[PDB]
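Here's the structure, in structure tokens; my notes come after.
The values are calculated or read from the model by the stated rules, or taken from the named source; these are not laboratory values. Ideal geometry is used to build each Cβ from the backbone, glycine not excepted, and the neighbour counts take in all protein chains shown.
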There are 2 protein chains.
Amino acid sequence: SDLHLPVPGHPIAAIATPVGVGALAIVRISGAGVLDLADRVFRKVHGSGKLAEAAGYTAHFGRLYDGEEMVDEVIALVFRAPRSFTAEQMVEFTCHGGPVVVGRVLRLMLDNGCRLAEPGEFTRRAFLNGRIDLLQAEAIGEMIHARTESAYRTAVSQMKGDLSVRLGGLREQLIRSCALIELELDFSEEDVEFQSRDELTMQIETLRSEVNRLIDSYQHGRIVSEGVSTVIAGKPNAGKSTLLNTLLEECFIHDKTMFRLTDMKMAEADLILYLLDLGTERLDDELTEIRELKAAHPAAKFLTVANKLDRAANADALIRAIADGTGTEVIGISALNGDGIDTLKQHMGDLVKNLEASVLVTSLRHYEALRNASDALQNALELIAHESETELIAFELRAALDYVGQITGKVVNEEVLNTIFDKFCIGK
Amino acid sequence: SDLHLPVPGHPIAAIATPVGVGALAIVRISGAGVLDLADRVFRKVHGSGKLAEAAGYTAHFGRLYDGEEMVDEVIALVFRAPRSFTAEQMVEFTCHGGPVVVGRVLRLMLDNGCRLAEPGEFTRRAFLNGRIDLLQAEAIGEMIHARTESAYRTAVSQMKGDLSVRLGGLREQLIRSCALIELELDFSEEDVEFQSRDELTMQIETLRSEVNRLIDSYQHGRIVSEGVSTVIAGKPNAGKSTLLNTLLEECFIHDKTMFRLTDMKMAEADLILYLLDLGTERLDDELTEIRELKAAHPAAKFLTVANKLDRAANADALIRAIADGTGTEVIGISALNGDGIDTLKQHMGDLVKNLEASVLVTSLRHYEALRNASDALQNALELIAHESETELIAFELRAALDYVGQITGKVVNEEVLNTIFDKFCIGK
Ligand SMILES: Nc1nc2c(ncn2[C@@H]2O[C@H](COP(=O)(O)OP(=O)(O)CP(=O)(O)O)[C@@H](O)[C@H]2O)c(=O)[nH]1
Ligand SMILES: Nc1nc2c(ncn2[C@@H]2O[C@H](COP(=O)(O)OP(=O)(O)CP(=O)(O)O)[C@@H](O)[C@H]2O)c(=O)[nH]1
Ligand SMILES: [Mg+2]
Ligand SMILES: [Mg+2]
């Protein structure tokens, strides 16, 4: 008396809650005959309402047993048909939040038939069984690892599938535009007035500024996703390490904007901070060195940071000097002393303000595939203006559509799937 | 159509799962009209099966809303009458395991009527409403924070209430022994043969070796609970910091035995490690200094650790020398080099093996109250041998019983309750 559920994978197990101490922790398992396996270690307190023959979304209070030995007191939640995260049947034992206990709970599952889950495997299965699309599966991981109000908020928008509905809108627009020329190529004498060429050139143009708008989102969305890549550059003993350490590879947040610190990825960095040992630099007229870097990366925002302000006497004349002979803005700093750092950050968070309500695109795969989508759309657009064969024009619209589908996983790669889900923590 | 449930406290909220990133996290709330409050932020997906009118141990899939804004997609578990951790009605929203998300979920509960839970408040309420006794409430916290197989296993035994049944056994034995003399003090002429004095002296003696056995458990159980307090002592520049750091206040585990490292708590320390700069010590015949410390703490195990074995040439003759002129065992070590540390630990874990199946007592409150219990039992025991008034004898048995009850919370203190539950993490 059952339906057409997706064939479930081998039973897997992992700890779903963070590592550390806490009141509670979750170990979750999913796959084929998972609750039958759970039944063999879980003892319901009262009678013996078998876990396997239980309804979906029902909690059960009891104990996990390793034969004679008690493991913990747990609540066991039963997920049923397609109605669960992985769309296969799963059970999540929520238990006492101790490393030793939770670890011992995991091994009980492993020793009893579960293979340990692989990075992202849970979320992957969600995508693979069609409960989630590749965008939403990306959004889940992004929401967990998010470090900003904006980062979190964007993940929510995407996990809802705001981008996804926006794309399915273009998907069906391309399908409509695609099938117009594919009717011109059935032909044989089929000229039914109501022109094909004019009606389509616009259909492509509507779809192009549609896609181009989304391409511009990345400009901003990248900063939302992974912050502002900032490089601290200087000299031997300018105080780079001491600045990096007091500010917190690893990174900090300030005024709801994330900053990615690092130490070669100089080119392609949004903000360059040049640190010099104020006065104490043995050869000081190396503000040519700081002028050259500013001239070497015009794409970046630049700030000169005069460090060790506490060792230096009259600093106002030295700051003004450096500012003059480089044509940059200079901020006075003491890195070990932590002096005026809050001035530095208030300045740091200023070109990171870039030139409204609308859907964003995070990290470049979506971006890159949207570019190719645009190119093909514009190849097709130009191809009409040059009066070329329908075969070639319809063949670009196919390419465009294939790229758009690429981002929602419509066209699977299973190597793209890996570079995505390898970043995922073991347990979804 | 309801029962006699304990009056529930003000609605509280806290994050129940560890801090960090993970697939899932739990925010839990408990108190008066908690699910009514939950109903005001949680939207069930399908129709509108109100959370308040739902059955116990039933999960509900939906979304948390902050008015118009979505907060997360959650499963909401409903706990009902006395059937929950705190015995009051509670709900645990299990949601996406991101710091930003989980944090935003907590504030939604707080902004909607919940006061933030206090350290241990959840487990305290468990005890206060009588679902758990003070021993079991102690065991819960101990199981979470445990760092050893033994530590964890002992917590399980106690959370079951193994000690608790063992005590309730003495509780009713004292009640029986207490009421025997209290019948002698009703008297007026009541000498009903079947002697009172002989039958009771043994009843006290049975109960005394009963209690004394448990007092001896602490000797061992303390080491199980908080490991072996080990002090690394030396000289200016003997390499104490470098040894401490490579070995890992904070502490390490080795061969299923926990070691508590530290740097005055010299007296009352199980293991003393004396570290000296092998050879390089400017005045070396300061092995008198190391002999004096061994003679100053005979209660401890002692090991001399000859550090910086890598700088020193012929070390075997220097080690043998130090070993001779101090009467201690000497282990050769290089702290930065990490050389023969595994030999040191194999030696460290040797007097930490102390002179079988039976119930243990962890940290001294139980220990101390069991001492007083024994004293009073033995005061009463001696008092019979000295033929003193029944009033005085019955008054010691009362004192004994009161001490035994003290450990299971039978006699509340609410300042003892604080020093216990202040150690607890916010959220049980
Ligand atoms: N007075 C003062 N001294 C500083 C300050 N910052 C660093 N120093 C001194 O200068 C040294 C700089 O060390 P560090 O912070 O590692 O600078 P660095 O540029 O990373 C060294 P490298 O070029 O090798 O990476 C420190 O050892 C410290 O004594 C400061 O803000 N004020
Ligand atoms: N060759 C060698 N040198 C060491 C070793 N351990 C420490 N040193 C050297 O001796 C110094 C000892 O520093 P430290 O480890 O802090 O010893 P300490 O006894 O804690 C210093 P204090 O007495 O001030 O606490 C180090 O700076 C290091 O250069 C070792 O195992 N081998
Ligand atoms: Mg450095
Ligand atoms: Mg030191």
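Residues considered: B:158, B:203, B:219. Of these, the only one that is assigned to a helix (DSSP H, G or I), in the same structural domain as residue B:422 (by CATH) and over 16 Å from the mean Cα position of the chain (by Cα) is B:203. Considering the range B:32-143, the qualifying strands (runs of 3 or more DSSP E), each wholly inside and each with 2 or more residues that are out of contact with any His (no Cβ under 9 Å at 6 or more places or on another chain), run over B:58-66, B:69-79, B:90-96. Pairing residues of the range B:78-97 that are assigned by CATH to the domain that holds residue B:64 and on the phi > 0 side of the Ramachandran plot with residues that are surrounded by fewer than 24 Cβ atoms within 10 Å (Cβ to Cβ) and polar (S, T, N, Q), at Cβ distances under 7 Å and at least 6 apart in sequence or on separate chains, gives B:87/B:129. Note on the range A:19-31: residues that are within 8 Å of chain B (Cβ to nearest Cβ) and either surrounded by 24 or more Cβ atoms within 10 Å (Cβ to Cβ) or in a strand (DSSP E or B) (or both) total 6. Exactly one residue out of B:253, B:319 is within 14 Å of another protein chain (Cβ to nearest Cβ), within 23 Å of residue B:338 (Cα to Cα) and away from ligand 1 (no atom under 16 Å from the Cβ), and it is B:253. Could you check the range B:231-250 and list, in sequence order, the residues that are closer than 15 Å to residue B:281 by Cα and not in a loop (DSSP other than H, G, I, E, B)? Scanning the range B:231-250 gives B:233, B:240.
Residues are listed down the side, and each one gets a yes or a no for (1) under 25 Å from residue B:222 (Cβ atoms); (2) in the same structural domain as residue B:157 (by CATH); (3) surrounded by fewer than 15 Cβ atoms within 10 Å (Cβ to Cβ); (4) among the aliphatic types (A, V, I, L, M):
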residue: B:312; (1), (2), (3), (4): no, no, no, yes
residue: B:319; (1), (2), (3), (4): no, no, no, yes
residue: B:362; (1), (2), (3), (4): yes, yes, no, no
residue: B:365; (1), (2), (3), (4): yes, yes, no, no
residue: B:378; (1), (2), (3), (4): yes, yes, no, no
residue: B:386; (1), (2), (3), (4): no, yes, yes, no
residue: B:408; (1), (2), (3), (4): yes, yes, no, no
residue: B:414; (1), (2), (3), (4): no, yes, yes, no
residue: B:426; (1), (2), (3), (4): no, yes, no, yes
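Comparison of A:228, A:224 shows that the only residue that is within 14 Å of chain B (Cβ to nearest Cβ), away from ligand 4 (no atom under 16 Å from the Cβ) and surrounded by 19 or more Cβ atoms within 10 Å (Cβ to Cβ) is A:224.
Got at least one residue in the range A:239-255 being of a type outside the set (A, V, I, L, M, F, W, C) and away from ligand 3 (no atom under 16 Å from the Cβ)? There is at least one residue in the range A:239-255 that is of a type outside the set (A, V, I, L, M, F, W, C) and away from ligand 3 (no atom under 16 Å from the Cβ). Being among the β-branched types (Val, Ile, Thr) and either within 16 Å of ligand 2 (Cβ to nearest atom) or away from every other protein chain (no Cβ under 14 Å) (or both) is a property that residue A:290 has. Looking across the range B:37-59 at every residue that is among the small types (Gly, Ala, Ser) and over 40 Å from the mean Cα position of the chain (by Cα), the one that is farthest from residue B:109 (Cα to Cα) is identified as B:47.
When residue B:352 is tested against the conditions (1) aliphatic (A, V, I, L, M); (2) surrounded by 19 or more Cβ atoms within 10 Å (Cβ to Cβ); (3) in contact with a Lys or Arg (Cβ under 8 Å, 6 or more places away or on another chain), the lone failure is (2). For the range A:90-104, a residue qualifies if it is closer than 19 Å to residue A:67 by Cβ and more than 11 Å from every other protein chain (Cβ to nearest Cβ), and exactly one does: A:93. Taking the criterion of being buried (at least 21 other Cβ atoms within 10 Å of the Cβ), within 11 Å of chain A (Cβ to nearest Cβ) and under 31 Å from the mean Cα position of the chain (by Cα), the residues of the range B:70-89 that qualify are B:77, B:78, B:79, B:84, B:85.
Quick check on my filter: what residues within the range B:236-254 are on the phi < 0 side of the Ramachandran plot, within 16 Å of ligand 2 (Cβ to nearest atom) and crowded, with 17+ Cβ neighbours inside 10 Å? Within the range B:236-254, B:238, B:240, B:242, B:243, B:244, B:247 meet the criteria. Evaluated against (1) small (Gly, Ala, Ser); (2) closer than 20 Å to residue B:32 by Cα; (3) touching a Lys or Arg at 6+ places or on another chain (Cβ under 9 Å), residue B:139 falls short on exactly one condition, (2).
Against the criterion of being away from every other protein chain (no Cβ under 14 Å), surrounded by fewer than 14 Cβ atoms within 10 Å (Cβ to Cβ) and within 16 Å of ligand 2 (Cβ to nearest atom), residue B:304 does not qualify.
Of the residues making up the range B:262-301, those that are within 16 Å of ligand 4 (Cβ to nearest atom) and surrounded by 20 or more Cβ atoms within 10 Å (Cβ to Cβ) number 4.
Results for (1) acidic (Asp, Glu); (2) under 21 Å from residue A:224 (Cα atoms), shown as yes or no for each residue.
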| position | (1), (2) |
| --- | --- |
| A:161 | no, yes |
| A:173 | no, no |
| A:180 | no, no |
| A:183 | no, no |
| A:186 | yes, no |
| A:193 | yes, no |
| A:196 | no, no |
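Counting residues in the range B:217-227 that are away from ligand 3 (no atom under 16 Å from the Cβ) and on the phi > 0 side of the Ramachandran plot gives one or more. Do the conditions hold for residue A:67, that is, is it surrounded by fewer than 18 Cβ atoms within 10 Å (Cβ to Cβ), out of contact with any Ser or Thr (no Cβ under 9 Å at 6 or more places or on another chain), more than 11 Å from chain B (Cβ to nearest Cβ) and not hydrophobic (A, V, I, L, M, F, W, C)? Yes. Has the range A:390-398 got at least one residue that is not in a helix (DSSP H, G or I) and not hydrophobic (A, V, I, L, M, F, W, C)? No, the range A:390-398 has no match at all.
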